Amino acid sequence: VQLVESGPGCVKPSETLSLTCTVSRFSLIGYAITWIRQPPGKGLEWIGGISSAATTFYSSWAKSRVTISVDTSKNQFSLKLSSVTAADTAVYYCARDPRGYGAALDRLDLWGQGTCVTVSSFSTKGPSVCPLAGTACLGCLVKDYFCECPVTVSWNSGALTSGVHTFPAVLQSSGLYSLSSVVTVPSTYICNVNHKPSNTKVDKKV
Amino acid sequence: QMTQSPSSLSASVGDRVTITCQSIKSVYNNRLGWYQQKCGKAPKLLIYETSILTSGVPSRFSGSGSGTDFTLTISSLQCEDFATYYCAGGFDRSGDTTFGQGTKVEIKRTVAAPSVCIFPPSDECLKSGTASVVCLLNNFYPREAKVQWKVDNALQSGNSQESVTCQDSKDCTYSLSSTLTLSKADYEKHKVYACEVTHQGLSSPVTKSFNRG
């Protein structure tokens, strides 16, 4: 059972941000879904929630600009944030309360992996993937892209897990972002890079 | 909205550590939970309803307290416990619920010297105008490490970025990636490219170099 999150990635100010949280696989009967957000380098901030009886609660700051709803035919919870500014840039999480509480933060037993939202006027750019070639290092460099995330870097489609260090992205003087993933292996290696905001899906072999 | 204490702490593997969570209002029906968030990951519910452990969470974690004062205790601190810990409380059923400000937990271990790898730019990405040399410092502690870039033994500055992984959940070490960015012309002008690493685990700076070609 998973909470698959979906969003546009990067949006411009004054736009309306639309995020979806789909319940993959069926689980409990009366579960509730709450939306939290985490600005860069800051703590967790409760946006809202919807209970097992569809009772929708909003935090004090969200009452005038957030709409939360459910599509039961899709098992898809929807969050809309209107008139976004750069202050709305954050990683947005949806989480499940197994008790069905639409306004409780003390027992969120299942979280989505989160979806990134960057509110800026700068244009989206797709990255270039550069290979980097008893134990030796190798890896891949995802270079010159915007916005930062959603961005995914896997190795051998998830088969290679041990020794894999994916570094935090850095903002270059070019104004773009650069990330690097490295694996140290004993002396087929393919890195799968997926930048959703630019629809860049590249599998590069090192 | 809820106070946490301390803002960040550090201890050694096996130490007992305590994080306090304080509130103005009293918690309704013992609705107080403790979440653990590791780097690049969603928060994970460790403790719910003040003192009940989530299934799978090691017994090293425990929760206590009541009313407005709560405590999360890690009895035997491990490298995998590196995270930011939050408390979350509900004070009624009308929407009065909030998180704590958070508390970072670092783990201290012995000094560990890094392993230095160097990567020349790929010919595929050399087809554009930028060449990027990648220096890698693998499995080192403490975090403080100096990475110097040399091009034909000429010292570079302002044309390099770097990032560090978080504390490894198994050996408490760090890893750093440094990227030197030059124009393709400047790259084809010079041959020797080196990164010199200075870390207190090394008796002398360790230089990794390659000759273009």
# chains A, B, ... in the order shown; residues from 1 in each chain; ligands from 1
>>> interface_residues(of="chain B", to="chain A", cutoff="6 Å", atoms="only C-alpha atoms", output="ChimeraX atom specification")
/B:31-33,42,45,48,88-90,95,101,119,125,165
>>> residues_around(residues="residue 78 of chain A", least_positions_apart="5", cutoff="12 Å", atoms="only C-alpha atoms", output="PDB file with N, CA and C atoms, in the first residue's frame")
ATOM      1  N   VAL A   4       1.040   7.408  -3.630  1.00  0.00           N
ATOM      2  CA  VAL A   4       1.767   7.949  -4.773  1.00  0.00           C
ATOM      3  C   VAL A   4       1.377   9.411  -4.953  1.00  0.00           C
ATOM      4  N   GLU A   5       2.365  10.299  -4.937  1.00  0.00           N
ATOM      5  CA  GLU A   5       2.122  11.728  -5.061  1.00  0.00           C
ATOM      6  C   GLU A   5       2.479  12.209  -6.464  1.00  0.00           C
ATOM      7  N   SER A   6       1.695  13.165  -6.961  1.00  0.00           N
ATOM      8  CA  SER A   6       1.878  13.707  -8.300  1.00  0.00           C
ATOM      9  C   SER A   6       1.663  15.213  -8.283  1.00  0.00           C
ATOM     10  N   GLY A   7       2.576  15.932  -8.936  1.00  0.00           N
ATOM     11  CA  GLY A   7       2.508  17.370  -9.043  1.00  0.00           C
ATOM     12  C   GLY A   7       3.252  17.876 -10.265  1.00  0.00           C
ATOM     13  N   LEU A  17      -1.601  25.670  -7.962  1.00  0.00           N
ATOM     14  CA  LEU A  17      -0.902  24.400  -7.832  1.00  0.00           C
ATOM     15  C   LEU A  17      -1.906  23.293  -7.541  1.00  0.00           C
ATOM     16  N   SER A  18      -1.791  22.179  -8.265  1.00  0.00           N
ATOM     17  CA  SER A  18      -2.699  21.043  -8.115  1.00  0.00           C
ATOM     18  C   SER A  18      -1.880  19.785  -7.863  1.00  0.00           C
ATOM     19  N   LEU A  19      -2.078  19.170  -6.700  1.00  0.00           N
ATOM     20  CA  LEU A  19      -1.369  17.962  -6.306  1.00  0.00           C
ATOM     21  C   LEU A  19      -2.357  16.831  -6.050  1.00  0.00           C
ATOM     22  N   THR A  20      -1.947  15.616  -6.409  1.00  0.00           N
ATOM     23  CA  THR A  20      -2.757  14.426  -6.194  1.00  0.00           C
ATOM     24  C   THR A  20      -1.995  13.412  -5.348  1.00  0.00           C
ATOM     25  N   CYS A  21      -2.741  12.714  -4.495  1.00  0.00           N
ATOM     26  CA  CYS A  21      -2.228  11.654  -3.630  1.00  0.00           C
ATOM     27  C   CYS A  21      -3.118  10.440  -3.874  1.00  0.00           C
ATOM     28  N   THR A  22      -2.627   9.489  -4.659  1.00  0.00           N
ATOM     29  CA  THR A  22      -3.383   8.301  -5.020  1.00  0.00           C
ATOM     30  C   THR A  22      -2.992   7.144  -4.114  1.00  0.00           C
ATOM     31  N   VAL A  23      -3.997   6.441  -3.596  1.00  0.00           N
ATOM     32  CA  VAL A  23      -3.775   5.283  -2.739  1.00  0.00           C
ATOM     33  C   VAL A  23      -3.570   4.080  -3.653  1.00  0.00           C
ATOM     34  N   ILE A  33      -6.699  11.272   5.277  1.00  0.00           N
ATOM     35  CA  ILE A  33      -5.529  11.740   4.540  1.00  0.00           C
ATOM     36  C   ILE A  33      -5.298  13.211   4.851  1.00  0.00           C
ATOM     37  N   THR A  34      -4.099  13.533   5.326  1.00  0.00           N
ATOM     38  CA  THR A  34      -3.729  14.902   5.650  1.00  0.00           C
ATOM     39  C   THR A  34      -2.570  15.351   4.771  1.00  0.00           C
ATOM     40  N   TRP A  35      -2.536  16.650   4.497  1.00  0.00           N
ATOM     41  CA  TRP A  35      -1.488  17.272   3.700  1.00  0.00           C
ATOM     42  C   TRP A  35      -0.612  18.125   4.604  1.00  0.00           C
ATOM     43  N   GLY A  48      -3.612  20.657   5.721  1.00  0.00           N
ATOM     44  CA  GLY A  48      -5.005  20.320   5.950  1.00  0.00           C
ATOM     45  C   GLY A  48      -5.213  18.832   6.111  1.00  0.00           C
ATOM     46  N   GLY A  49      -6.478  18.430   6.019  1.00  0.00           N
ATOM     47  CA  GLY A  49      -6.823  17.026   6.167  1.00  0.00           C
ATOM     48  C   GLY A  49      -8.248  16.751   5.740  1.00  0.00           C
ATOM     49  N   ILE A  50      -8.521  15.468   5.514  1.00  0.00           N
ATOM     50  CA  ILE A  50      -9.854  14.980   5.178  1.00  0.00           C
ATOM     51  C   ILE A  50     -10.047  13.635   5.869  1.00  0.00           C
ATOM     52  N   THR A  56     -13.543  17.829   5.941  1.00  0.00           N
ATOM     53  CA  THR A  56     -12.310  18.482   5.519  1.00  0.00           C
ATOM     54  C   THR A  56     -11.951  19.589   6.504  1.00  0.00           C
ATOM     55  N   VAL A  66      -6.613  27.121   0.085  1.00  0.00           N
ATOM     56  CA  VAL A  66      -6.419  25.696  -0.139  1.00  0.00           C
ATOM     57  C   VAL A  66      -7.777  25.018  -0.236  1.00  0.00           C
ATOM     58  N   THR A  67      -7.901  24.101  -1.194  1.00  0.00           N
ATOM     59  CA  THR A  67      -9.079  23.256  -1.342  1.00  0.00           C
ATOM     60  C   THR A  67      -8.629  21.803  -1.342  1.00  0.00           C
ATOM     61  N   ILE A  68      -9.213  20.997  -0.458  1.00  0.00           N
ATOM     62  CA  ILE A  68      -8.889  19.581  -0.343  1.00  0.00           C
ATOM     63  C   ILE A  68     -10.150  18.774  -0.619  1.00  0.00           C
ATOM     64  N   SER A  69     -10.019  17.740  -1.450  1.00  0.00           N
ATOM     65  CA  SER A  69     -11.173  16.930  -1.818  1.00  0.00           C
ATOM     66  C   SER A  69     -10.735  15.499  -2.099  1.00  0.00           C
ATOM     67  N   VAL A  70     -11.723  14.647  -2.374  1.00  0.00           N
ATOM     68  CA  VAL A  70     -11.501  13.238  -2.671  1.00  0.00           C
ATOM     69  C   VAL A  70     -12.235  12.879  -3.955  1.00  0.00           C
ATOM     70  N   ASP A  71     -11.614  12.020  -4.760  1.00  0.00           N
ATOM     71  CA  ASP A  71     -12.251  11.324  -5.871  1.00  0.00           C
ATOM     72  C   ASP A  71     -12.193   9.846  -5.501  1.00  0.00           C
ATOM     73  N   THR A  72     -13.331   9.313  -5.047  1.00  0.00           N
ATOM     74  CA  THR A  72     -13.371   7.941  -4.554  1.00  0.00           C
ATOM     75  C   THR A  72     -13.269   6.932  -5.689  1.00  0.00           C
ATOM     76  N   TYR A  93       3.847  16.615   1.351  1.00  0.00           N
ATOM     77  CA  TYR A  93       3.581  15.235   1.723  1.00  0.00           C
ATOM     78  C   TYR A  93       2.090  15.042   1.962  1.00  0.00           C
ATOM     79  N   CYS A  94       1.591  13.866   1.594  1.00  0.00           N
ATOM     80  CA  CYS A  94       0.319  13.364   2.090  1.00  0.00           C
ATOM     81  C   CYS A  94       0.589  12.195   3.027  1.00  0.00           C
TER      82      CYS A  94
END
